[PDB]
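> Pasting a structure here, questions to come.
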Amino acid sequence: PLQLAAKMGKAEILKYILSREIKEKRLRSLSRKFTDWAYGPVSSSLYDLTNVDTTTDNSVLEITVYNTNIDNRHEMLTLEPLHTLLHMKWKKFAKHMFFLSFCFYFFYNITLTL
Amino acid sequence: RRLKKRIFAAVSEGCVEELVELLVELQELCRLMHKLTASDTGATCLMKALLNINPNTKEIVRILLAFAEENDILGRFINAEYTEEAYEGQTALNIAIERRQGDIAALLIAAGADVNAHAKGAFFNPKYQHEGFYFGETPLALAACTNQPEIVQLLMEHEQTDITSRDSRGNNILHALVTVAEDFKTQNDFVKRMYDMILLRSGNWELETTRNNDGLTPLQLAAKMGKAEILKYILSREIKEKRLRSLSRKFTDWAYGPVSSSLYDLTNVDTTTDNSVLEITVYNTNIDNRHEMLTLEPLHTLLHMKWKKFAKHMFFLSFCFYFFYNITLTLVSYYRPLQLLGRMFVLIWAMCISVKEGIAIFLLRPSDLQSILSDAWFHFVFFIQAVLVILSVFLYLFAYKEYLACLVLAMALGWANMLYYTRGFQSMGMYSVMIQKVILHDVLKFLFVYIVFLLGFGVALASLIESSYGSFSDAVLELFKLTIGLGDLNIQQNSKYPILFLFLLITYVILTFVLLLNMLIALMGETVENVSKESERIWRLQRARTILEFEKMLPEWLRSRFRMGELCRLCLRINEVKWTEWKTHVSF
Amino acid sequence: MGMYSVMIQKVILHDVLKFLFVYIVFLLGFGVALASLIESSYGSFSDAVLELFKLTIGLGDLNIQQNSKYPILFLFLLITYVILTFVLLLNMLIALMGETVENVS
Amino acid sequence: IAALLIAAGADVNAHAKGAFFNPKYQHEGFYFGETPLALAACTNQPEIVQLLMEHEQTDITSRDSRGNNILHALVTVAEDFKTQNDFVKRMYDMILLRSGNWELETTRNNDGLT
């Protein structure tokens with residue numbers, strides 16, 4: 001159901017499923033977000049990345065990024081745990097890979113021109 | 001270690017019977033600090049119960065307090081604090097105040113909880129505002145920032161507490177409230193009302209005169225952080241109660257309909273001391289509500305008075321002097337082989353401008369000054385022009401031949417520099433900020449894409465020619481001439497592939513003339529509208545900066561003579577008429 | 001046509017005057033800059049300002065060989081003038097006059 | 001207190017010709033008409049203006065230093081913008097109806113204007 005919501009482009013249902021908190025006993029297992037400690041505006045939360053991370057063959061992040069028949073892609077991408085995951089994946093290796101590709105292509109073009 | 005785990009589990013769950021049985025077992029084993037304190041974060045059973053409060057948390061807290069009293073260790077546990085390096089200084093009273101549990105908070109205060117406890121954890125005073133929560137490292141400051149009137153009143157009524165306490169940052173309750181306050185005018189503003197309440201309950205000038213390690217009063221701190229609402233409230237404060245009128249900074253003398261005369265206070269507002277509110281709000285570069293803060297008394301009237309006193313005359317004198325200097329330089333250089341005197345005047349003024357710009361650059365802030373449009377480009381260009389003039393003179397004194405190039409660059413820069421003097425009139429300050437914003441926004445990107453495409457097509461064209469497109473420089477010159485609209489499009493250029501050459505030329509024409517130029521027109525139109533909606537504020541800020549610079553440039557004796565203010569403290573009398581406000585008040 | 005007449009009046013009184021003033025400022029500055037380093041066409045100040053005006057309006061030819069002492073400096077000054085006037089000032093005047101046209105229409 | 005003073009014999013036709021009262025600029029002072037009746041009219045006091053009108057020792061055709069009467073003063077004080085609450089028009093109507101004569105609307109000041 002989560003992947004289907006991501007594919008069809010339902011931001012509200014996607015956000016509800018991704019960030020779901022249950023405070024009842026014996027039902028907390030159904031939740032995907034657990035609040036560890038809260039102090040005013042600061043809040044630490046453990047999210048679940050079963051079908052959200054790009055680990056399996058098909059993932060929610062890959063579906064919402066590679067979707068071409070949707071219009072709420074920005075709305076779906078600007079919510080946890082997708083925004084933080086994207087920034088982490090960027091700052092880990094994507095910036096370095098992009099800079100390396102830039103340098104390699106620039107040197108290749110300069111060599112061809114010369 | 002099982003007993004401590006059982007105690008913690010019972011405290012977290014809230015089972016009264018289980019907690020009582022565990023306490024009985026602990027008492028039997030004893031017949032306690034090591035078993036009650038956890039080394040994970042240096043917490044305690046009371047802290048664990050308050051962090052995980054439940055519908056029966058009051059009973060658990062009462063049972064724990066009774067057990068501590070029976071063991072005669074309650075006073076030992078009241079002063080318990082976190083031993084970790086992240087949230088050091090936390091206490092049960094602090095947690096109870098944060099969790100808005102007023103009954104338990106009052107119970108802890110009555111039981112002897114530390115009121116003046118300082119929570120100096122690293123997470124509490126983070127370097128960035130988004131990296132942590134800062135409240136003041138004090139239960140009183142936390143109650144003030146968390147909007148608990150009952151709890152803050154109960155703390156204030158206590159005898160063991162203090163008000164003049166300064167935390168690690170040096171900030172007191174008023175500084176903490178100023179920092180926590182929101183610049184935007186929200187519908188519900190509790191910080192201002194509770195600041196008023198705390199100041200009235202204190203009833204002394206020590207709170208508003210104390211300086212932290214940054215050497216700022218609460219008013220100066222509000223001006224620096226950019227809180228228009230708090231700044232206006234502090235600047236225009238009226239108290240009608242007896243023995244409390246001294247705390248006010250604005251006194252209404254007489255009122256007759258819309259006309260009202262008011263004496264304001266200029267202790268830290270006038271540019272008299274080393275640091276002043278006006279100087280802070282004018283020279284601030286990391287704020288966005290500068291126009292909102294500057295458009296309120298006693299800053300607007302003070303700025304207009306300081307202008308009309310001497311700043312207009314100084315600006316006109318500078319305009320005339322610079323215009324005559326530029327005219328003399330232009331005439332002297334153009335009439336190249338009365339001349340000696342003109343050259344001497346040019347040299348003297350160039351040296352003066354160079355040294356003044358050097359002092360200005362040295363005294364200017366080296367951070368974020370060049371990134372923002374804080375009148376740094378004009379200083380840089382003036383210094384560069386003076387350096388060019390003096391270098392041209394030195395080279396003419398010698399036998400070198402670059403003096404002519406330096407001099408022509410000097411006249412070009414100086415004649416392009418007259419626009420700086422168009423900020424005196426409102427009709428042209430908008431034009432100057434238009435130039436600045438458009439150039440900084442769109443022209444740079446358009447130009448960059450232009451050289452990219454131009455160089456690409458130039459090396460493409462110059463390589464397949466076995467006439468005019470001989471070398472790379474000739475090809476790029478011809479492309480530029482075709483773009484700007486001169487020359488002729490000759491298809492017979494002795495090319496190996498005439499059809500390919502024509503195709504490349506037509507592609508370049510479509511890319512540049514059809515797309516790029518009209519695109520730049522559209523982008524610059526959008527930018528013009530956007531920053532013409534917000535140009536008056538920028539012009540006013542530039543005028544205020546010029547006024548303050550001229551005021552600082554004045555000598556010692558002239559500053560004392562121009563110091564305007566009637567003693568009562570240095571009060572300033574302002575007559576204000578608000579016809580719209582008077583009509584709205586009287587129509588009720 | 002009354003709307004057209006008031007359009008003429010408002011646009012001329014608002015934007016054309018300021019654009020023109022900045023134009024003569026930059027034009028005279030660059031003219032005296034160019035006419036002083038020539039030891040061909042840019043002989044005197046009047047000839048230099050006429051050539052600059054012709055280059056701005058879009059006639060003539062951009063001849064880089066003007067018998068100048070510093071050809072690179074002359075070319076740099078000419079390109080700077082072209083960027084300042086053609087790229088920036090004219091399209092800026094277009095944008096400002098568009099905003100004024102909407103506002104007073 | 002105003003009614004008490006009127007009943008005690010306070011001057012009703014007293015003219016307040018102070019320089020601040022008739023300033024050259026509208027923002028340099030408060031202009032109401034240099035008359036207690038004109039001030040009551042401009043300050044939106046229906047009860048006080050009615051009590052003054054019902055008095056016998058008062059007059060309506062009085063002209064101040066500017067030559068303006070109550071109607072001219074109300075016109076000057078009135079706001080061009082159509083505000084939500086417009087009291088000047090209603091009280092102008094009330095005063096004109098209570099006067100019941102064409103002398104008020106035909107008198108000209110030193111500027112020669114009705």
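Numbering starts fresh at 1 for the residues of each chain in the structure tokens, the chains themselves are lettered A, B, ... in the order given, and ligands are numbered from 1 as they appear.
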Considering only C-alpha atoms, tabulate each residue of chain A that lies at most 12 Å from chain B along with its nearest interatomic pair and the corresponding distance in Å to one decimal; arrange the rows by chain and ascending residue number and present them as JSON lines.

```
{"residue": "A:23", "atom": "CA", "partner": "B:54", "partner_atom": "CA", "distance": 11.8}
{"residue": "A:25", "atom": "CA", "partner": "B:13", "partner_atom": "CA", "distance": 11.4}
{"residue": "A:35", "atom": "CA", "partner": "B:52", "partner_atom": "CA", "distance": 12.0}
{"residue": "A:36", "atom": "CA", "partner": "B:51", "partner_atom": "CA", "distance": 10.8}
{"residue": "A:37", "atom": "CA", "partner": "B:51", "partner_atom": "CA", "distance": 8.5}
{"residue": "A:38", "atom": "CA", "partner": "B:51", "partner_atom": "CA", "distance": 9.1}
{"residue": "A:39", "atom": "CA", "partner": "B:98", "partner_atom": "CA", "distance": 7.5}
{"residue": "A:40", "atom": "CA", "partner": "B:133", "partner_atom": "CA", "distance": 7.0}
{"residue": "A:41", "atom": "CA", "partner": "B:133", "partner_atom": "CA", "distance": 7.0}
{"residue": "A:42", "atom": "CA", "partner": "B:132", "partner_atom": "CA", "distance": 6.6}
{"residue": "A:43", "atom": "CA", "partner": "B:132", "partner_atom": "CA", "distance": 9.9}
{"residue": "A:44", "atom": "CA", "partner": "B:132", "partner_atom": "CA", "distance": 11.5}
{"residue": "A:109", "atom": "CA", "partner": "B:456", "partner_atom": "CA", "distance": 10.5}
{"residue": "A:110", "atom": "CA", "partner": "B:456", "partner_atom": "CA", "distance": 10.7}
{"residue": "A:112", "atom": "CA", "partner": "B:459", "partner_atom": "CA", "distance": 11.2}
{"residue": "A:113", "atom": "CA", "partner": "B:459", "partner_atom": "CA", "distance": 7.6}
{"residue": "A:114", "atom": "CA", "partner": "B:459", "partner_atom": "CA", "distance": 9.4}
```
> Give me, as a VMD selection string, the residues of range 382-548 of chain B that a backbone DSSP run labels helix (DSSP H, G or I).
chain B and resid 382 to 397 403 to 423 426 to 462 472 to 484 498 to 532 536 to 548
> Just to be explicit: take each residue in the selection above, keep C-alpha atoms, and write the result as a CSV table (one decimal), in the first residue's frame.

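Result file is result22.csv:
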```
chain,number,residue,atom,x,y,z
B,382,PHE,CA,37.0,54.7,-5.1
B,383,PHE,CA,40.2,53.2,-3.7
B,384,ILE,CA,41.0,51.6,-7.0
B,385,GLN,CA,40.5,54.9,-8.8
B,386,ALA,CA,42.7,56.7,-6.3
B,387,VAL,CA,45.4,54.0,-6.7
B,388,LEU,CA,45.2,54.3,-10.5
B,389,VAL,CA,45.5,58.1,-10.4
B,390,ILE,CA,48.6,58.0,-8.0
B,391,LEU,CA,50.2,55.3,-10.1
B,392,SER,CA,49.6,57.3,-13.3
B,393,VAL,CA,51.3,60.3,-11.7
B,394,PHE,CA,54.2,58.2,-10.5
B,395,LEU,CA,54.7,56.7,-13.9
B,396,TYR,CA,54.5,60.1,-15.6
B,397,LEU,CA,57.2,61.2,-13.1
B,403,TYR,CA,50.7,56.5,-17.4
B,404,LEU,CA,48.4,57.3,-20.3
B,405,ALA,CA,46.6,53.9,-19.9
B,406,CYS,CA,46.3,54.4,-16.1
B,407,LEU,CA,45.0,57.9,-16.6
B,408,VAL,CA,42.3,56.9,-19.2
B,409,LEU,CA,41.2,54.1,-16.9
B,410,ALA,CA,41.1,56.7,-14.1
B,411,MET,CA,38.8,59.1,-16.0
B,412,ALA,CA,36.6,56.2,-17.0
B,413,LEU,CA,36.2,55.0,-13.5
B,414,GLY,CA,35.8,58.5,-12.0
B,415,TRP,CA,33.1,59.4,-14.5
B,416,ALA,CA,31.3,56.1,-13.8
B,417,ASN,CA,31.6,56.9,-10.1
B,418,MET,CA,29.3,59.9,-10.1
B,419,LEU,CA,26.3,57.7,-9.7
B,420,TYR,CA,27.2,57.1,-6.1
B,421,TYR,CA,26.2,60.8,-5.5
B,422,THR,CA,22.7,60.2,-6.9
B,423,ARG,CA,21.5,58.8,-3.6
B,426,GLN,CA,14.8,59.8,-3.9
B,427,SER,CA,14.1,59.7,-7.6
B,428,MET,CA,17.6,58.5,-8.4
B,429,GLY,CA,18.4,56.2,-5.4
B,430,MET,CA,15.8,53.8,-6.8
B,431,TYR,CA,17.7,54.0,-10.1
B,432,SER,CA,21.0,53.2,-8.4
B,433,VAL,CA,19.6,50.2,-6.4
B,434,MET,CA,18.0,49.1,-9.7
B,435,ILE,CA,21.5,49.1,-11.4
B,436,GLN,CA,23.0,47.2,-8.5
B,437,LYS,CA,20.3,44.5,-8.2
B,438,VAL,CA,20.0,43.9,-11.9
B,439,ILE,CA,23.7,43.6,-12.4
B,440,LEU,CA,24.2,41.4,-9.4
B,441,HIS,CA,21.2,39.2,-10.4
B,442,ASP,CA,20.8,38.7,-14.2
B,443,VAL,CA,23.6,40.3,-16.2
B,444,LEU,CA,26.3,38.1,-14.7
B,445,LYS,CA,24.6,34.8,-15.5
B,446,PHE,CA,23.6,36.0,-19.0
B,447,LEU,CA,27.2,37.1,-19.7
B,448,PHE,CA,28.6,33.8,-18.4
B,449,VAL,CA,26.3,31.8,-20.7
B,450,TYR,CA,27.2,34.2,-23.5
B,451,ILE,CA,31.0,33.6,-23.3
B,452,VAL,CA,30.4,29.9,-23.0
B,453,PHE,CA,28.4,29.7,-26.2
B,454,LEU,CA,30.6,32.3,-27.9
B,455,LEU,CA,33.9,30.6,-27.2
B,456,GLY,CA,32.3,27.2,-28.2
B,457,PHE,CA,31.1,28.5,-31.5
B,458,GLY,CA,34.3,30.4,-32.1
B,459,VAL,CA,36.5,27.4,-31.8
B,460,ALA,CA,34.0,25.4,-33.8
B,461,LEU,CA,34.1,28.0,-36.7
B,462,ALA,CA,37.8,28.8,-36.7
B,472,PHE,CA,40.1,32.1,-32.9
B,473,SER,CA,40.4,35.8,-32.0
B,474,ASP,CA,39.1,36.9,-35.5
B,475,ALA,CA,36.3,34.4,-35.3
B,476,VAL,CA,35.2,35.5,-31.8
B,477,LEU,CA,35.4,39.2,-32.9
B,478,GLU,CA,33.2,38.5,-36.0
B,479,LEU,CA,30.7,36.6,-33.8
B,480,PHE,CA,30.5,39.5,-31.4
B,481,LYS,CA,30.0,41.9,-34.2
B,482,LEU,CA,27.3,39.8,-35.7
B,483,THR,CA,25.6,39.6,-32.3
B,484,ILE,CA,25.7,43.3,-31.5
B,498,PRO,CA,29.9,26.1,-46.8
B,499,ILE,CA,26.6,24.4,-45.8
B,500,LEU,CA,27.9,23.3,-42.4
B,501,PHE,CA,29.4,26.8,-41.8
B,502,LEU,CA,26.0,28.4,-42.7
B,503,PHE,CA,24.2,25.9,-40.4
B,504,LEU,CA,26.5,26.7,-37.5
B,505,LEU,CA,26.1,30.4,-38.0
B,506,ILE,CA,22.3,30.2,-38.2
B,507,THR,CA,22.3,28.0,-35.1
B,508,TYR,CA,24.4,30.6,-33.2
B,509,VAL,CA,22.2,33.4,-34.4
B,510,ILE,CA,19.1,31.6,-33.2
B,511,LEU,CA,20.7,30.7,-29.8
B,512,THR,CA,21.9,34.2,-29.1
B,513,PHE,CA,19.7,36.8,-30.8
B,514,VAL,CA,16.4,35.1,-30.7
B,515,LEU,CA,16.7,33.3,-27.3
B,516,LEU,CA,19.3,34.8,-25.0
B,517,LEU,CA,18.8,38.5,-25.4
B,518,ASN,CA,15.0,38.5,-25.1
B,519,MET,CA,15.3,36.0,-22.3
B,520,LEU,CA,17.6,38.4,-20.5
B,521,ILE,CA,15.0,41.1,-21.1
B,522,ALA,CA,12.3,39.0,-19.5
B,523,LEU,CA,14.4,38.0,-16.5
B,524,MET,CA,15.5,41.6,-15.9
B,525,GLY,CA,11.9,42.7,-16.1
B,526,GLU,CA,10.9,40.3,-13.5
B,527,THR,CA,13.8,41.3,-11.3
B,528,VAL,CA,13.0,45.0,-11.8
B,529,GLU,CA,9.4,44.5,-10.7
B,530,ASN,CA,10.4,42.4,-7.7
B,531,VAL,CA,13.1,44.7,-6.3
B,532,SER,CA,11.2,47.9,-7.3
B,536,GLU,CA,12.5,52.6,-0.8
B,537,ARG,CA,13.7,50.6,2.2
B,538,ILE,CA,17.1,50.1,0.6
B,539,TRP,CA,17.4,53.8,-0.3
B,540,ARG,CA,16.5,54.8,3.2
B,541,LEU,CA,19.1,52.4,4.6
B,542,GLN,CA,21.7,53.9,2.3
B,543,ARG,CA,20.8,57.4,3.3
B,544,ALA,CA,21.0,56.5,7.0
B,545,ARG,CA,24.4,54.9,6.5
B,546,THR,CA,25.7,58.0,4.8
B,547,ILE,CA,24.3,60.2,7.6
B,548,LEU,CA,25.9,58.1,10.3
```
> Would you list the contacts of range 265-274 of chain B as a PyMOL selection string, taking every protein, DNA or RNA residue within 10 Å and counting only C-alpha atoms, but skipping same-chain residues closer than 6 positions in sequence?
chain B and resi 209+217+219-220+235-236+248-251+280+298-299+302-303+548+551-552+559-560+563-573
> May I have the selected residues written with N, CA, C and O atoms, as a CSV table (one decimal), in the first residue's frame?

```csv
chain,number,residue,atom,x,y,z
B,209,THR,N,20.0,47.5,32.6
B,209,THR,CA,21.3,48.1,32.4
B,209,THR,C,22.4,47.1,32.5
B,209,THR,O,23.6,47.5,32.2
B,217,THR,N,23.1,45.8,26.5
B,217,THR,CA,21.9,45.8,27.3
B,217,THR,C,20.8,45.1,26.5
B,217,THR,O,21.0,44.7,25.4
B,219,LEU,N,18.1,46.2,25.3
B,219,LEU,CA,17.6,47.0,24.2
B,219,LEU,C,18.6,46.9,23.0
B,219,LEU,O,18.2,46.7,21.9
B,220,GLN,N,19.9,46.9,23.3
B,220,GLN,CA,20.9,46.8,22.3
B,220,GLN,C,20.9,45.4,21.7
B,220,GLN,O,21.1,45.2,20.5
B,235,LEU,N,11.4,51.1,23.4
B,235,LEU,CA,11.6,52.5,23.1
B,235,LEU,C,10.5,53.4,23.4
B,235,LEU,O,10.7,54.5,24.0
B,236,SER,N,9.3,53.0,23.2
B,236,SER,CA,8.1,53.7,23.5
B,236,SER,C,7.3,53.0,24.6
B,236,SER,O,6.4,52.2,24.3
B,248,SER,N,9.5,54.1,32.8
B,248,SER,CA,9.1,54.5,31.4
B,248,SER,C,10.2,55.3,30.7
B,248,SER,O,11.0,56.0,31.4
B,249,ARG,N,10.2,55.3,29.4
B,249,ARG,CA,11.1,56.1,28.6
B,249,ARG,C,10.4,57.1,27.7
B,249,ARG,O,11.1,57.9,27.0
B,250,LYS,N,9.1,57.2,27.8
B,250,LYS,CA,8.3,58.2,27.0
B,250,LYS,C,7.3,58.8,27.9
B,250,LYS,O,6.5,58.1,28.5
B,251,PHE,N,7.3,60.2,28.0
B,251,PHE,CA,6.4,60.9,28.9
B,251,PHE,C,5.6,61.9,28.0
B,251,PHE,O,6.1,62.7,27.3
B,280,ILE,N,23.7,50.4,15.8
B,280,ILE,CA,23.5,49.0,15.7
B,280,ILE,C,22.5,48.6,14.6
B,280,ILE,O,22.7,47.8,13.7
B,298,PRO,N,12.2,56.8,18.8
B,298,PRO,CA,12.8,58.1,18.4
B,298,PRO,C,13.9,57.9,17.4
B,298,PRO,O,15.0,58.6,17.6
B,299,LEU,N,13.8,57.1,16.4
B,299,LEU,CA,14.8,56.9,15.4
B,299,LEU,C,14.6,57.7,14.1
B,299,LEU,O,15.5,58.2,13.5
B,302,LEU,N,15.0,61.4,14.9
B,302,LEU,CA,16.5,61.6,15.1
B,302,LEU,C,17.3,61.6,13.8
B,302,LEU,O,18.2,62.4,13.6
B,303,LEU,N,16.9,60.7,12.9
B,303,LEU,CA,17.6,60.6,11.6
B,303,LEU,C,17.3,61.8,10.8
B,303,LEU,O,18.3,62.4,10.2
B,548,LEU,N,25.1,58.5,9.2
B,548,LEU,CA,25.9,58.1,10.3
B,548,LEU,C,27.4,58.2,10.0
B,548,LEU,O,28.2,58.5,10.9
B,551,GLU,N,28.3,61.8,10.4
B,551,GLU,CA,28.2,62.1,11.8
B,551,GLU,C,29.5,61.6,12.5
B,551,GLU,O,30.1,62.3,13.4
B,552,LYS,N,30.0,60.4,12.2
B,552,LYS,CA,31.2,59.9,12.8
B,552,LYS,C,32.4,60.7,12.3
B,552,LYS,O,33.4,60.8,13.0
B,559,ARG,N,30.8,67.7,17.4
B,559,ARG,CA,29.9,66.8,17.9
B,559,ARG,C,29.1,67.3,19.1
B,559,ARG,O,27.9,67.1,19.3
B,560,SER,N,29.9,67.9,20.0
B,560,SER,CA,29.3,68.5,21.2
B,560,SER,C,28.3,69.6,20.9
B,560,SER,O,27.2,69.7,21.5
B,563,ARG,N,25.2,68.2,19.4
B,563,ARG,CA,24.5,67.3,20.3
B,563,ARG,C,23.2,68.0,20.8
B,563,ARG,O,23.3,69.0,21.6
B,564,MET,N,22.0,67.6,20.3
B,564,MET,CA,20.8,68.2,20.6
B,564,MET,C,20.0,67.3,21.6
B,564,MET,O,19.8,66.1,21.4
B,565,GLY,N,19.4,67.9,22.7
B,565,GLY,CA,18.7,67.2,23.6
B,565,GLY,C,18.5,68.0,24.9
B,565,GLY,O,19.4,68.6,25.4
B,566,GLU,N,17.3,68.0,25.5
B,566,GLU,CA,17.0,68.8,26.7
B,566,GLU,C,17.1,67.8,27.9
B,566,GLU,O,16.5,66.8,27.9
B,567,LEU,N,17.8,68.3,28.9
B,567,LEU,CA,18.0,67.5,30.1
B,567,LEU,C,16.7,67.5,30.9
B,567,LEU,O,16.0,68.5,30.9
B,568,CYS,N,16.4,66.4,31.6
B,568,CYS,CA,15.2,66.3,32.4
B,568,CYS,C,15.6,65.8,33.8
B,568,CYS,O,16.7,65.9,34.3
B,569,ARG,N,19.8,61.7,32.2
B,569,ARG,CA,18.8,61.5,31.2
B,569,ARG,C,18.9,62.6,30.1
B,569,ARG,O,19.2,63.8,30.5
B,570,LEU,N,18.7,62.3,28.9
B,570,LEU,CA,18.7,63.3,27.8
B,570,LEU,C,17.4,63.1,27.0
B,570,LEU,O,17.4,62.4,26.0
B,571,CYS,N,16.4,63.8,27.4
B,571,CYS,CA,15.1,63.7,26.7
B,571,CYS,C,15.1,64.5,25.5
B,571,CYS,O,15.7,65.5,25.3
B,572,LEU,N,14.2,64.0,24.5
B,572,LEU,CA,14.0,64.7,23.2
B,572,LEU,C,12.5,64.9,23.0
B,572,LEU,O,11.8,64.0,23.2
B,573,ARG,N,12.2,66.2,22.7
B,573,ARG,CA,10.8,66.5,22.6
B,573,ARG,C,10.3,66.3,21.1
B,573,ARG,O,10.9,66.9,20.2
```
> Env of range 325-328 of chain B: 7 Å cut, atoms = only C-alpha atoms, seq-sep filter 4 positions within chain, self excluded. Answer as number ranges by chain.
B: 321, 332, 342, 346, 414
> Residues of chain B no more than 12 Å from chain D, counting only C-alpha atoms: send them over as number ranges by chain.
B: 255-261, 575-580, 582-588
> Would you mind exporting N, CA, C and O atoms of the selected residues as an mmCIF file, in the first residue's frame?

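For reference, result-v1.cif as written:
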```cif
data_model
loop_
_atom_site.group_PDB
_atom_site.id
_atom_site.type_symbol
_atom_site.label_atom_id
_atom_site.label_comp_id
_atom_site.auth_asym_id
_atom_site.auth_seq_id
_atom_site.Cartn_x
_atom_site.Cartn_y
_atom_site.Cartn_z
ATOM 1 N N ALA B 255 -1.783 66.600 25.367
ATOM 2 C CA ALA B 255 -2.485 65.985 24.251
ATOM 3 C C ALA B 255 -3.736 66.791 23.939
ATOM 4 O O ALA B 255 -4.512 67.113 24.844
ATOM 5 N N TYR B 256 -3.925 67.114 22.661
ATOM 6 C CA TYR B 256 -5.092 67.856 22.180
ATOM 7 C C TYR B 256 -5.486 67.253 20.836
ATOM 8 O O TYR B 256 -4.948 67.635 19.793
ATOM 9 N N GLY B 257 -6.427 66.313 20.863
ATOM 10 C CA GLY B 257 -6.841 65.621 19.667
ATOM 11 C C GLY B 257 -5.711 64.812 19.065
ATOM 12 O O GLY B 257 -5.094 63.974 19.729
ATOM 13 N N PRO B 258 -5.416 65.051 17.784
ATOM 14 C CA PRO B 258 -4.318 64.318 17.139
ATOM 15 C C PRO B 258 -2.935 64.813 17.523
ATOM 16 O O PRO B 258 -1.972 64.042 17.415
ATOM 17 N N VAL B 259 -2.802 66.060 17.965
ATOM 18 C CA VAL B 259 -1.501 66.608 18.332
ATOM 19 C C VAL B 259 -1.098 66.064 19.695
ATOM 20 O O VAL B 259 -1.887 66.095 20.647
ATOM 21 N N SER B 260 0.133 65.563 19.795
ATOM 22 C CA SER B 260 0.638 65.048 21.061
ATOM 23 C C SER B 260 2.131 65.320 21.152
ATOM 24 O O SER B 260 2.876 65.021 20.215
ATOM 25 N N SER B 261 2.562 65.878 22.279
ATOM 26 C CA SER B 261 3.969 66.144 22.541
ATOM 27 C C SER B 261 4.495 65.106 23.521
ATOM 28 O O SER B 261 3.877 64.864 24.563
ATOM 29 N N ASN B 575 6.850 66.247 18.594
ATOM 30 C CA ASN B 575 5.443 66.570 18.390
ATOM 31 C C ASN B 575 4.921 65.719 17.241
ATOM 32 O O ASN B 575 5.427 65.813 16.117
ATOM 33 N N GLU B 576 3.913 64.897 17.519
ATOM 34 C CA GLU B 576 3.386 63.961 16.540
ATOM 35 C C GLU B 576 1.890 64.173 16.366
ATOM 36 O O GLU B 576 1.154 64.382 17.335
ATOM 37 N N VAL B 577 1.450 64.116 15.112
ATOM 38 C CA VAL B 577 0.039 64.198 14.758
ATOM 39 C C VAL B 577 -0.337 62.929 14.005
ATOM 40 O O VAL B 577 0.311 62.570 13.014
ATOM 41 N N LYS B 578 -1.369 62.239 14.491
ATOM 42 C CA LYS B 578 -1.872 61.009 13.875
ATOM 43 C C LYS B 578 -3.366 61.204 13.636
ATOM 44 O O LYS B 578 -4.196 60.821 14.463
ATOM 45 N N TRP B 579 -3.703 61.808 12.494
ATOM 46 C CA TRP B 579 -5.102 62.103 12.203
ATOM 47 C C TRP B 579 -5.912 60.827 12.016
ATOM 48 O O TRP B 579 -7.044 60.730 12.502
ATOM 49 N N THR B 580 -5.350 59.837 11.318
ATOM 50 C CA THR B 580 -6.065 58.580 11.115
ATOM 51 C C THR B 580 -6.311 57.865 12.438
ATOM 52 O O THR B 580 -7.420 57.379 12.693
ATOM 53 N N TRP B 582 -6.402 59.220 15.458
ATOM 54 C CA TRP B 582 -7.351 60.001 16.244
ATOM 55 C C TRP B 582 -8.777 59.797 15.749
ATOM 56 O O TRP B 582 -9.705 59.653 16.552
ATOM 57 N N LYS B 583 -8.970 59.773 14.428
ATOM 58 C CA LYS B 583 -10.303 59.554 13.879
ATOM 59 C C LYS B 583 -10.818 58.162 14.217
ATOM 60 O O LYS B 583 -11.992 57.996 14.570
ATOM 61 N N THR B 584 -9.957 57.146 14.117
ATOM 62 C CA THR B 584 -10.383 55.789 14.446
ATOM 63 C C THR B 584 -10.728 55.663 15.925
ATOM 64 O O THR B 584 -11.667 54.949 16.292
ATOM 65 N N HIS B 585 -9.977 56.350 16.790
ATOM 66 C CA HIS B 585 -10.265 56.290 18.219
ATOM 67 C C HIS B 585 -11.541 57.049 18.562
ATOM 68 O O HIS B 585 -12.291 56.641 19.457
ATOM 69 N N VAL B 586 -11.809 58.153 17.861
ATOM 70 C CA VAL B 586 -12.966 58.977 18.195
ATOM 71 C C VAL B 586 -14.244 58.488 17.524
ATOM 72 O O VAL B 586 -15.342 58.863 17.955
ATOM 73 N N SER B 587 -14.141 57.657 16.484
ATOM 74 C CA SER B 587 -15.335 57.146 15.823
ATOM 75 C C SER B 587 -16.039 56.060 16.626
ATOM 76 O O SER B 587 -17.167 55.695 16.279
ATOM 77 N N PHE B 588 -15.411 55.540 17.675
ATOM 78 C CA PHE B 588 -16.022 54.500 18.495
ATOM 79 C C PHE B 588 -17.180 55.059 19.315
ATOM 80 O O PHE B 588 -17.246 54.862 20.528
#
```
> Looking only at strand (DSSP E or B) from DSSP on the backbone, list the matching residues of chain A as number ranges by chain.
A: 33-39, 42-47
> What is the CA of residue 69 in chain D to CA of residue 3 in chain D distance in Å?
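Result for CA of residue 69 in chain D versus CA of residue 3 in chain D: 22.6 Å, one decimal.
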